[PDB]
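Everything below concerns the one structure shown next.
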2 protein chains.
Amino acid sequence: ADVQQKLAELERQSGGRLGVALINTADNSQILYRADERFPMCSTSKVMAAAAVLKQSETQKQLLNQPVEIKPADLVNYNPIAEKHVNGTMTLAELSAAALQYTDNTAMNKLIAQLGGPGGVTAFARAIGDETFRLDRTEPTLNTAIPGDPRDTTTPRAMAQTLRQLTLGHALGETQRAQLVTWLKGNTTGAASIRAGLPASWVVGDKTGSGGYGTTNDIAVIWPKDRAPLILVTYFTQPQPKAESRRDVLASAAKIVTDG
Amino acid sequence: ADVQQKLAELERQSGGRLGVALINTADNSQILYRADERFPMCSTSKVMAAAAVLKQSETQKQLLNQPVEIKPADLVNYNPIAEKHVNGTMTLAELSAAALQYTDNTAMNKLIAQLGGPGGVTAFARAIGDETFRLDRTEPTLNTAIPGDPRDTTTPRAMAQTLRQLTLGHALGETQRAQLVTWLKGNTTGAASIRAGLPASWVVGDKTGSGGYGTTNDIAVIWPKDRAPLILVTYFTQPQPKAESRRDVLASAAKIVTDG
């Protein structure tokens with residue numbers, strides 16, 4: 001019948017564990033499902049790392065223009081942008097775009113290094129009021145997504161709140177907020193995830209993630225047709241190490257929580 | 001004929017009409033399914049329009065930076081970029097990127113008008129050796145997708161050959177070819193279509209299309225992991241005027257023709 005029932009019926013037929021947090025900024029209402037349980041972020045953690053580098057650029061104006069060397073040994077498991085630049089450079093702007101819009105894992109490692117390692121990402125989270133997020137490893141091991149493992153996890157609630165502050169609130173300066181929103185709206189990887197459960201007319205900026213244990217995630221800012229923005233986090237993970245991706249579950253969850 | 005059997009099965013179980021053309025540039029080999037039938041292009045026609053403006057820019061060397069007025073009355077039915085710039089201007093480059101990467105219909109209409117109307121887009125097609133493509137209408141009515149109507153149609157075979165010439169051959173000058181490939185690689189709307197049927201490691205630039213009769217299309221240039229590029233066109237249309245989109249059919253077709 002209701003939203004909670006529907007989400008449980010979806011979760012029961014999915015094989016896995018679903019976590020959802022919606023924030024409707026028209027009235028600050030929320031829809032929550034396992035929203036205080038921990039789920040492996042996978043590449044959704046790239047948002048926090050890019051945002052931390054944007055916050056650095058508020059006091060280092062030139063920062064995003066800074067070139068960073070890419071060497072053969074830096075390449076990891078999925079490098080669609082960085083492989084073009086091996087033995088050359090990418091700017092911090094380019095690395096941020098590559099990480100967010102093309103989910104390049106070499107680029108994420110450069111962002112993490114610019115922050116002083118995974119703990120620097122976590123420190124930024126804490127500085128913007130997020131006490132839950134934790135980044136412990138680099139790419140690609142941050143995606144192992146082992147059930148029960150606290151490394152590289154957050155909760156749906158916390159990530160929805162943070163995404164709201166970063167994209168709609170004042171965690172970042174105005175220029176930086178607008179650049180983050182531009183980046184997320186230009187994502188290439190999201191049309192099968194949250195976006196697939198929403199009407200054609202609605203506009204999305206999002207960051208997907210995928211990892212071990214069939215982990216399939218998406219975090220989005222949604223500009224519905226003729227309505228105030230929504231923030232939606234959908235996290236999903238499965239019991240078998242080699243499970244396949246289930247973007248369709250995320251799309252179904254997004255439809256359930258936005259139908260009413 | 002295993003791929004033929006699988007495509008026909010996909011088609012038959014989908015209840016629609018499927019067109020496929022693959023070119024493998026490693027050896028110029030092809031996989032073809034209804035590849036000489038006409039299909040409504042819907043927004044896949046934006047590639048021809050953007051390319052046509054790129055061609056004009058080879059002689060009008062400042063054309064891509066030229067400002068174009070966006071009036072309130074220019075908005076049509078899906079304008080995620082142009083609605084931000086009403087009572088202002090956008091450059092032809094910006095309109096091209098908006099059309100291709102955000103599927104902005106106002107943006108497409110400005111490309112068409114720059115070319116002198118839909119016939120200017122057809123004329124460019126003919127100039128690059130495509131004797132099949134035809135653009136007859138502006139947005140949004142080019143998407144009506146009426147069965148039997150030849151308006152705003154092409155064949156999979158012709159569109160695959162043209163996309164090869166545009167993205168990998170010499171229909172455009174070198175810089176313009178590169179700009180088209182950059183734009184297509186940054187598409188936002190494609191992850192549920194051809195891209196969803198391919199391994200996670202492969203690099204894709206694409207343009208989707210959707211319209212009446214549940215028409216669901218995608219045309220792509222694919223750089224598979226460790227292989228020479230492919231061109232893939234997947235067109236799909238259905239018998240009911242208000243049928244729903246079926247991006248999953250395109251993903252299924254892509255998987256079938258690339259599994260080998």
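Convention: chains lettered A, B, ... in structure tokens order; per-chain residue numbering from 1; ligands numbered from 1 as shown.
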* **Test item: residues at most 8 Å from region 83-99 of chain A, only C-alpha atoms, excluding those fewer than 6 positions along its chain, as a list in words** =>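 The filter keeps residues 46, 50, 63, 64, 65, 66, 67, 68, 69, 70, 71, 72, 75, 105, 106, 107, 108, 110, 111 and 183 of chain A.
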For the selection you just gave me, I'd like the residues written to a file as an mmCIF file, in the first residue's frame, keeping N, CA and C atoms.
data_model
loop_
_atom_site.group_PDB
_atom_site.id
_atom_site.type_symbol
_atom_site.label_atom_id
_atom_site.label_comp_id
_atom_site.auth_asym_id
_atom_site.auth_seq_id
_atom_site.Cartn_x
_atom_site.Cartn_y
_atom_site.Cartn_z
ATOM 1 N N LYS A 46 33.243 9.976 -4.341
ATOM 2 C CA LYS A 46 33.901 10.973 -5.157
ATOM 3 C C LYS A 46 33.326 12.327 -5.016
ATOM 4 N N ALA A 50 35.720 15.619 -4.348
ATOM 5 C CA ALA A 50 35.674 16.815 -5.226
ATOM 6 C C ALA A 50 35.272 18.032 -4.482
ATOM 7 N N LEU A 63 43.908 26.957 -7.586
ATOM 8 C CA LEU A 63 44.052 25.563 -7.368
ATOM 9 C C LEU A 63 43.543 24.650 -8.508
ATOM 10 N N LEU A 64 42.359 24.970 -8.986
ATOM 11 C CA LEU A 64 41.761 24.076 -9.973
ATOM 12 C C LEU A 64 42.549 24.057 -11.283
ATOM 13 N N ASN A 65 43.358 25.088 -11.519
ATOM 14 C CA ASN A 65 44.209 25.123 -12.688
ATOM 15 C C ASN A 65 45.490 24.415 -12.506
ATOM 16 N N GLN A 66 45.800 23.932 -11.313
ATOM 17 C CA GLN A 66 47.083 23.339 -11.079
ATOM 18 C C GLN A 66 47.249 22.023 -11.811
ATOM 19 N N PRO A 67 48.316 21.829 -12.618
ATOM 20 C CA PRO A 67 48.528 20.496 -13.270
ATOM 21 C C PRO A 67 49.047 19.537 -12.269
ATOM 22 N N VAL A 68 48.651 18.265 -12.442
ATOM 23 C CA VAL A 68 49.070 17.119 -11.638
ATOM 24 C C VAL A 68 49.609 16.031 -12.595
ATOM 25 N N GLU A 69 50.770 15.514 -12.294
ATOM 26 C CA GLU A 69 51.323 14.468 -13.161
ATOM 27 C C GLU A 69 50.568 13.184 -13.044
ATOM 28 N N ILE A 70 50.401 12.479 -14.154
ATOM 29 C CA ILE A 70 49.865 11.166 -14.256
ATOM 30 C C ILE A 70 50.946 10.234 -14.773
ATOM 31 N N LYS A 71 51.325 9.228 -14.054
ATOM 32 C CA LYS A 71 52.379 8.338 -14.473
ATOM 33 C C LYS A 71 51.765 6.960 -14.726
ATOM 34 N N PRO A 72 52.446 6.102 -15.491
ATOM 35 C CA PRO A 72 51.897 4.773 -15.787
ATOM 36 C C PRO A 72 51.531 4.000 -14.578
ATOM 37 N N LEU A 75 47.884 4.349 -12.875
ATOM 38 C CA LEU A 75 46.629 3.869 -13.404
ATOM 39 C C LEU A 75 46.144 2.713 -12.563
ATOM 40 N N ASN A 105 38.768 6.286 -11.756
ATOM 41 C CA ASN A 105 39.341 5.995 -10.454
ATOM 42 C C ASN A 105 40.741 6.497 -10.245
ATOM 43 N N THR A 106 41.538 6.646 -11.292
ATOM 44 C CA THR A 106 42.823 7.310 -11.152
ATOM 45 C C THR A 106 42.614 8.767 -10.721
ATOM 46 N N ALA A 107 41.604 9.415 -11.362
ATOM 47 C CA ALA A 107 41.368 10.791 -11.008
ATOM 48 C C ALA A 107 40.974 10.897 -9.532
ATOM 49 N N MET A 108 40.101 10.027 -9.033
ATOM 50 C CA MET A 108 39.794 10.054 -7.616
ATOM 51 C C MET A 108 41.044 9.911 -6.747
ATOM 52 N N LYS A 110 43.997 10.957 -7.347
ATOM 53 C CA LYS A 110 44.639 12.253 -7.302
ATOM 54 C C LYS A 110 43.956 13.217 -6.413
ATOM 55 N N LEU A 111 42.626 13.238 -6.393
ATOM 56 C CA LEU A 111 41.890 14.098 -5.442
ATOM 57 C C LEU A 111 42.231 13.687 -4.002
ATOM 58 N N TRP A 183 28.974 20.121 -12.431
ATOM 59 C CA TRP A 183 29.575 18.832 -12.605
ATOM 60 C C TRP A 183 28.583 17.670 -12.481
#
* With a distance threshold of 8 Å and counting only C-alpha atoms, extract the residues of chain B near chain A and express them as JSON, numbers by chain. => {"B": [78, 80, 186, 187, 188, 189, 190, 191, 192, 196, 201, 203]}
* Nearest to residue 28 (chain B), chosen from B:197, B:118, B:229, B:260, with only C-alpha atoms counted in the distances ->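 Smallest separation from residue 28 (chain B) among the options: B:229.
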* If you run DSSP on this backbone, which residues of region 70-224 of chain B come out as strand (DSSP E), and could you give them as a list in words? ->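 Going through region 70-224 of chain B, the strand (DSSP E) residues come out as residues 70, 88, 89, 90, 91, 153, 154, 203, 204, 205, 206, 207, 208, 209, 210, 211, 215, 216, 217, 218, 219, 220, 221, 222 and 223 of chain B.
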* Asked: CA of residue 259 (chain A) and CA of residue 11 (chain A), how far apart in Å?
  ->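 Distance reported for this atom pair: 17.3 Å.
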* Assign secondary structure with DSSP using the backbone only, and return the residues of region 34-161 of chain B in helix (DSSP H, G or I) as a PyMOL selection string. => chain B and resi 42-59+63-65+72-74+82-85+92-102+105-114+118-127+141-143+156-161
* **Pairwise distance for CA of residue 245 (chain B) and CA of residue 16 (chain B), rounded to one decimal in Å** =>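 CA of residue 245 (chain B) sits 11.1 Å away from CA of residue 16 (chain B).
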